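Here the structure comes first, spelled out in structure tokens, and everything after it is commentary.
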Amino acid sequence: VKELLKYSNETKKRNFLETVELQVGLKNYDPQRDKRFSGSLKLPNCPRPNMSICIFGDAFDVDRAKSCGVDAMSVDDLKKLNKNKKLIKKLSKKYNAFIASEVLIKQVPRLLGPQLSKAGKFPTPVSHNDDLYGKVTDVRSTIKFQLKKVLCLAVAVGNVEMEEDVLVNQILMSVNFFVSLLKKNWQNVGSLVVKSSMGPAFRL
Amino acid sequence: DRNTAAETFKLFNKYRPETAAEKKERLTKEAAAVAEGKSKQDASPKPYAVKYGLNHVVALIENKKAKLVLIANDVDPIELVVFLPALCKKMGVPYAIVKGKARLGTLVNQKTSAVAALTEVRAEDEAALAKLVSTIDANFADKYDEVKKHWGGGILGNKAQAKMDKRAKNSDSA
Amino acid sequence: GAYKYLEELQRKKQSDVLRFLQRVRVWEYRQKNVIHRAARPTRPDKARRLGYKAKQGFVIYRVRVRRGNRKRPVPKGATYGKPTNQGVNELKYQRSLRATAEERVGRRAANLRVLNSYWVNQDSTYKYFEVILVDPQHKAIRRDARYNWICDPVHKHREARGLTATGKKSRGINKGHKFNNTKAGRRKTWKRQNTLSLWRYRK
RNA sequence: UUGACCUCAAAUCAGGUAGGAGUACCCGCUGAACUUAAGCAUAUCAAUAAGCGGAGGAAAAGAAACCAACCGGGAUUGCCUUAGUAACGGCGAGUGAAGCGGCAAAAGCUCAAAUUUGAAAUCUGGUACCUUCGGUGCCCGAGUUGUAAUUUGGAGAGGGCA
RNA sequence: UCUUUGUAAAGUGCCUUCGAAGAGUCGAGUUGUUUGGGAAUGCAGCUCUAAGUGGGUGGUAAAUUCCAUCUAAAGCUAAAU
RNA sequence: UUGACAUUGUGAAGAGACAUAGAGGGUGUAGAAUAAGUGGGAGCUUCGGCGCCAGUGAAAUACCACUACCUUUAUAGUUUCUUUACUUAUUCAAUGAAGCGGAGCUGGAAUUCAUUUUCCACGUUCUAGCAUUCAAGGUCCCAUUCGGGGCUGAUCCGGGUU
């Protein structure tokens, strides 16, 4: 049971001495392959926010560069091109659309590396900018499968009480388990080494 | 050892089961009592004999009611008795491995007995019972994991042992 | 009781305790005679559930049978016939070795009657059994109606005619569609269907 | 040094008991070949004859680790039938069952595995007596490495109530 | 017809705790044999060796998922023949 | 005749990897800087110091961790190869299972580098005689009868016949 240990709860709140927003990280454990189409390639909505700071480089076009002046972080265009290829790195993740698919071949050498752009896996080029902005400023998780076997993500914050963080670790267990390929083994919940950023590790 | 077995067999000389003549005596007494006072086996006193019999003693250990259990160091169908140290360790009952099942027979008036068990005791020797429990748990129950991990056997005959001693003395040292 | 515990010990036969005991006992029996008296069972859990009551008349014998294939006689392999029936080495003898053990102790102690038998041991060269013979003329067996059925003289030599637990096996007797060579014995159901049954008024 | 226990023994020890004959049927093992295939090697004769072991007035089987697939049936044996079918087979020669349906007969159960533990209560033998195919008493022995009562898969055990 | 053997035994309603049930066996590989039994009907040798809402069987092998019916590895029993 | 499995176990070498953590190792550009990769992340420690930021590259760190990558096994076993060292299995052989193993004693080779560090012997050779009475002697007893007992003569220890 996840109730005797902390795993999202009140029990690990004074173990870390930093009084800053320190977030919890859950690792799923199951042997997989080395190929790239296997694994759980999906990033759902995280219901309670991760409480992270992120600014969006919305390089939009005619029909979509108007809904950024109400509920967004930064308002950009496609004309500002000589900045995001050479020098500036003041961003966490961007957000684009399908209307401009010819500007994507330009911002490859600087933003594809540290996860500031999109290749094929995360829902970054989503067209709707009037409803999906109540889901990305409330920072989601990050489901990204690595080479052999580790799955490092982020659920919530340790200083947040166990009332908001009670259906967040449970909805996240139902994403890396059911949409997964039939290339995984038995007991997809075998080991869950869960440590936030500073304290000890609490496992199931 | 000889001393703890001496104290244990003093305590069991105090506690022997009823023989045939004593049974005939209590049969005459309760035959008078039921015919006259109509006491339903209650004019007789409550017994305090040793418990014995292997299914008897194993069932008493399973039901957590045995105070002390003596175990023999014997019969070659040892499948009878190798699970008694593990039962007595699992169920916390102290257990001692007394030498020879024949002394167990003489304290119970049989030829052999192969087990012995106290569940009751009169109030005379509670302290002696606790002292024997302490001594036996110093000898057996606390030392269970140590003897559990070690392999006995491998002792050679003295001729080949002396030959090995000469060879290991003259091939390694001078 | 404790026969559940002996039962579960006797099931695990290749752990270090039972292979030690099996090696001591295999030496212990390989230095005694071929058929010799066992004063007490070595498997009271198995002996008691076959019908052992430890009282007077029940005797336990212990018996070494040789272990392998029945090499056919008719000497030097010349079998004098069709080359179908020409095997000598690979013929494999419809009776069990458990039946030869019971039958040999029934030929030795012939005043007694055999109840069952059980395995105790096997090495490469031999199988070792204990046989649980009953003495029928002993007055403890003749009374107490659970055990007087061995007194009835239709049970002379249960071990020879195939009547024990293993004789009723080696004869192929059960119920079932799989047992149609023999369900009621083989030869009766042979002769019952190679009979050309006729009647008075020919149908 | 005395006294037990286990194990193995020795007696023209006390008392028992098996061997053999017959073998028509019955239970097992073992086990051919002539013969048929128009030759003959698998096959068939045949899971037979000869040999062997063991019983009884019957033996064996027998209360389902069964048949079924239905609306389910219900120990075993035997007869009428299924059936000269399904299947096997140099798919040649030949070999060859079962379930249901009808009938005769119909009969059911017993042990191991639960400490009786306010009580081995059980049993063989020897003795003395008798209403002496046995009963009672007493006495050594077997026996708790377990003898009796209680229950056996269909039920049943332990408490509680009327 | 002489004992009345017995404050003994048996039987059934309701609730609860329970509910033990047979391993060199079951089974499988291969070989010999037999069968009508055909990727194997049964027995037997040897090699491996179990399980507990388990195990057998449901006659074309195997994997996966249900269903059905049964309880083995211990023993007694007249009549129909 | 050969190979595989069983009877058939146990010690001593050599490679594959796990229970169990740790020191450390792992240098193509750029970037305070050897970032095998990832996650959290703007701050922690009394302070210092680093870190956010800046800049860089495919990868941004202070701080806590997971997978991994090359050694180190210190603790306990599993494997095929080495044949070595085993007695208890197994196999042979002999004797009316007679002296086996270890130790000591006297001599003596032996040289002492402190005192013996070692090793051998430890009742018979001119002769076709003889060898037996629990053994004479020495020593302790009995209650002195005629006799008998005990130790030694013939070293102890272990019960594995060799």
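By convention in this document, the chains of the structure tokens carry letters A, B, ... by their order, each chain's residues are numbered from 1, and ligands are numbered from 1 in the order they are shown.
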
Quiz prompt | Contact residues around residue 103 in chain C with only C-alpha atoms (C1' of nucleotides) at 10 Å, ignoring same-chain residues under 4 positions, as a PyMOL selection string | solution = (chain C and resi 97-99+107-108+114+131+157-162) or (chain D and resi 53)

Quiz item: Taking only C-alpha atoms into account, what are the residues of chain B at most 6 Å from chain C, put as a ChimeraX atom specification?
Solution: /B:55,59,77,79

With a cut-off of 6 Å, could you pull out the residues of chain B touching chain D and give me the nearest pair of atoms for each, distance in Å to one decimal, using only C-alpha atoms (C1' of nucleotides), ordered by chain and ascending number, as a tab-separated table?
```
residue	atom	partner	partner_atom	distance
B:46	CA	D:118	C1'	5.5
B:53	CA	D:144	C1'	5.1
B:56	CA	D:115	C1'	5.0
B:102	CA	D:5	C1'	5.2
```

Residues from last step as file, N, CA and C atoms, as an mmCIF file, in the first residue's frame:
```
data_model
loop_
_atom_site.group_PDB
_atom_site.id
_atom_site.type_symbol
_atom_site.label_atom_id
_atom_site.label_comp_id
_atom_site.auth_asym_id
_atom_site.auth_seq_id
_atom_site.Cartn_x
_atom_site.Cartn_y
_atom_site.Cartn_z
ATOM 1 N N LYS B 46 -7.930 -32.722 40.624
ATOM 2 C CA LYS B 46 -7.495 -32.465 39.258
ATOM 3 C C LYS B 46 -6.060 -32.941 39.077
ATOM 4 N N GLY B 53 3.416 -38.826 24.482
ATOM 5 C CA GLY B 53 2.805 -39.275 23.254
ATOM 6 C C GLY B 53 3.096 -38.265 22.178
ATOM 7 N N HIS B 56 0.118 -36.342 20.727
ATOM 8 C CA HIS B 56 -0.298 -35.558 21.882
ATOM 9 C C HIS B 56 0.566 -34.316 22.049
ATOM 10 N N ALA B 102 15.116 -43.787 26.860
ATOM 11 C CA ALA B 102 14.815 -44.789 27.875
ATOM 12 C C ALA B 102 14.561 -44.160 29.236
#
```

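Residue nearest residue 51 in chain B, chosen from B:119, B:139, B:28, B:19 and counting only C-alpha atoms: B:119.
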
Self-check item: chain F residues near chain A (8 Å cut-off, only C-alpha atoms (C1' of nucleotides)) as a PyMOL selection string
Solution: chain F and resi 38-44+58-59+63-67

Show me, as a PDB file with C-alpha atoms (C1' of nucleotides), in the first residue's frame, every residue of chain F with an atom at most 8 Å from chain B, counting only C-alpha atoms (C1' of nucleotides).
```
ATOM      1  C1'   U F  87      37.275 -42.615   3.084  1.00  0.00           C
ATOM      2  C1'   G F 101      47.843 -46.523  13.256  1.00  0.00           C
ATOM      3  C1'   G F 102      49.891 -42.937  16.673  1.00  0.00           C
ATOM      4  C1'   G F 158      42.283 -45.498  19.393  1.00  0.00           C
ATOM      5  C1'   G F 160      38.963 -48.989  11.208  1.00  0.00           C
TER       6        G F 160
END
```

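Separating CA of residue 93 in chain A from CA of residue 158 in chain A is a distance of 23.3 Å.
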
Self-check item: Residues of chain C within 9 Å of chain F, only C-alpha atoms (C1' of nucleotides) counted, as a ChimeraX atom specification
Solution: /C:23,27,123-125

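Selecting strand (DSSP E) from the backbone DSSP output for range 29-190 of chain C yields residues 35, 36, 37, 38, 60, 61, 62, 63, 64, 65, 66, 117, 118, 119, 120, 121, 122, 126, 127, 128, 129, 130 and 131 of chain C.
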
Self-check item: Residues near residue 91 in chain B, cut-off 12 Å, only C-alpha atoms (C1' of nucleotides), skip fewer than 3 positions along chain, as a PyMOL selection string
Solution: chain B and resi 58-69+84-88+94-95+141

Suppose we keep C-alpha atoms; can you now write the selection as a compact mmCIF listing (two decimals), in the first residue's frame?
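Okay, this is what ended up in again_7.txt:
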```txt
# COMPACT_ATOMS: atom_id res chain seq x y z
CA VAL B 58 2.74 -32.08 18.78
CA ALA B 59 -0.90 -31.05 19.15
CA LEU B 60 -0.12 -29.35 22.46
CA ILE B 61 2.72 -27.40 20.85
CA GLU B 62 0.43 -26.39 17.97
CA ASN B 63 -2.19 -25.15 20.39
CA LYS B 64 0.42 -23.05 22.30
CA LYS B 65 -0.32 -24.84 25.58
CA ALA B 66 2.98 -26.61 26.32
CA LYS B 67 5.25 -25.13 28.98
CA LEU B 68 8.27 -27.37 28.41
CA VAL B 69 9.13 -30.16 25.95
CA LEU B 84 10.08 -30.63 16.72
CA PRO B 85 12.93 -28.06 17.06
CA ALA B 86 11.38 -26.00 14.28
CA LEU B 87 7.90 -26.23 15.84
CA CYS B 88 9.26 -25.30 19.25
CA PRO B 94 11.29 -24.03 25.06
CA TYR B 95 12.74 -27.38 24.11
CA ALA B 141 16.33 -21.84 21.79
```

Quiz item: For chain E against chain C, which residues fall within 7 Å using only C-alpha atoms (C1' of nucleotides), given as an NGL selection string?
Solution: :E and (22-23 or 32 or 35 or 41-45 or 74 or 76)

Using the selection just defined, write its residues with C-alpha atoms (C1' of nucleotides) as a PDB file, in the first residue's frame.
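Contents of the output file part-v7.pdb:
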```
ATOM      1  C1'   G E  22      -3.511 -41.239   0.423  1.00  0.00           C
ATOM      2  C1'   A E  23       4.064 -38.544  -3.652  1.00  0.00           C
ATOM      3  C1'   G E  32       9.447 -52.366 -25.211  1.00  0.00           C
ATOM      4  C1'   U E  35      -5.040 -52.064 -28.037  1.00  0.00           C
ATOM      5  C1'   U E  41      -5.402 -47.220 -25.068  1.00  0.00           C
ATOM      6  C1'   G E  42      -3.112 -49.583 -21.010  1.00  0.00           C
ATOM      7  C1'   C E  43       0.877 -51.820 -18.555  1.00  0.00           C
ATOM      8  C1'   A E  44       6.194 -51.973 -17.575  1.00  0.00           C
ATOM      9  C1'   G E  45      11.598 -50.516 -17.512  1.00  0.00           C
ATOM     10  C1'   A E  74      -5.664 -47.061   0.823  1.00  0.00           C
ATOM     11  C1'   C E  76     -14.512 -54.662   2.573  1.00  0.00           C
TER      12        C E  76
END
```
